[PDB]
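Novice: Let me begin by handing over the structure; questions about it come next.
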Amino acid sequence: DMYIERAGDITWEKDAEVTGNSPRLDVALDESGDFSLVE
Amino acid sequence: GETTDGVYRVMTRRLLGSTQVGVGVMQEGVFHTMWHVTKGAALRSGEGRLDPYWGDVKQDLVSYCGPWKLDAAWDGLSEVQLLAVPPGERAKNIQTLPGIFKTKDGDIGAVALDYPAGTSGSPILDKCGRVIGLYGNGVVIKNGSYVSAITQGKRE
Ligand SMILES: COc1cc(COc2cc(C)nc3ncnn23)nc(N2CCNCC2)n1
């Protein structure tokens, strides 16, 4: 048995930490829901 | 049970201790997470039971108690926030500009942010606070880092 616990309200936080890059990637999606890198 | 709007952890006791297998969103009485988190199984909310209502392994999504409710979409332009819920750590907003997954069926947003596997199903938000999709289905790239799609379902 899995169970759920509340973890937060869904809001936008002003002065959240800003990070991460923004790659443009070519990808395939199989019948199983797995994405893969096509190069 | 707890039907309150917001972000929730998904936990199991079938492994060692209590383990976070992933994350989810409650909205309008419906619970939304990724298929690979629950594999379609029922969920406990205190005394309460949640039963699976809709799902698709290829989209990697599942709803509980009712149909999919989240219809907002990335506008293709703006920063967004991952409301990341890592195992054993507190909720926490991260702001990022999305990248792009280019597919033979059209383009989707991607979030280049790195978290443990049990963060899968953490919600992505636009500036008005609306959920534009779930984090935790994607690819591992050159570096060794992870890039997730912005995975969104359809509202009837
Ligand atoms: C937060 O969501 C997830 C989900 C997943 C799914 O597992 C894997 C494993 C491998 C070998 N290759 C993969 N290609 C796509 N997903 N995928 N993995 C992760 N990560 C974060 C980074 N460290 C650990 C893997 N996060």
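Indices start at 1 and increase along the chain as displayed.
A Cβ is built for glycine as well, from the same backbone N, Cα and C atoms used for every other residue.
Pasting the feature list from Swiss-Prot:
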{"type": "ACT_SITE", "residues": "B:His36", "note": "active site, charge relay system"}
{"type": "ACT_SITE", "residues": "B:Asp60", "note": "active site, charge relay system"}
{"type": "ACT_SITE", "residues": "B:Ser120", "note": "active site, charge relay system"}
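What's the neighbourhood like for these features in this structure?
Specialist: Look at B:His36 (active site, charge relay system): DSSP puts it in a helix. The C-beta environment of B:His36 (active site, charge relay system), restricted to residues of the same chain at least 6 apart in sequence and closer than 8 Å, consists of B:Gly22, B:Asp60, B:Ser120, B:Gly136, B:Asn137.
B:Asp60 (active site, charge relay system) falls outside any helix or strand according to DSSP and counts as coil.
Within 10 Å of the C-beta atom of B:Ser120 (active site, charge relay system) sit 25 other C-beta atoms, taking all shown protein chains into account.
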Novice: Active-site residues B:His36, B:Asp60, B:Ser120: which sit with Cβ under 8 Å of a chain A Cβ?
Specialist: B:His36, B:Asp60
Novice: Under a threshold of 6 Å between Cβ and any atom of ligand 1, which of the active-site residues B:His36, B:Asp60, B:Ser120 are retained?
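Specialist: With ligand 1 as the reference and 6 Å as the Cβ limit, the list reads B:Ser120.
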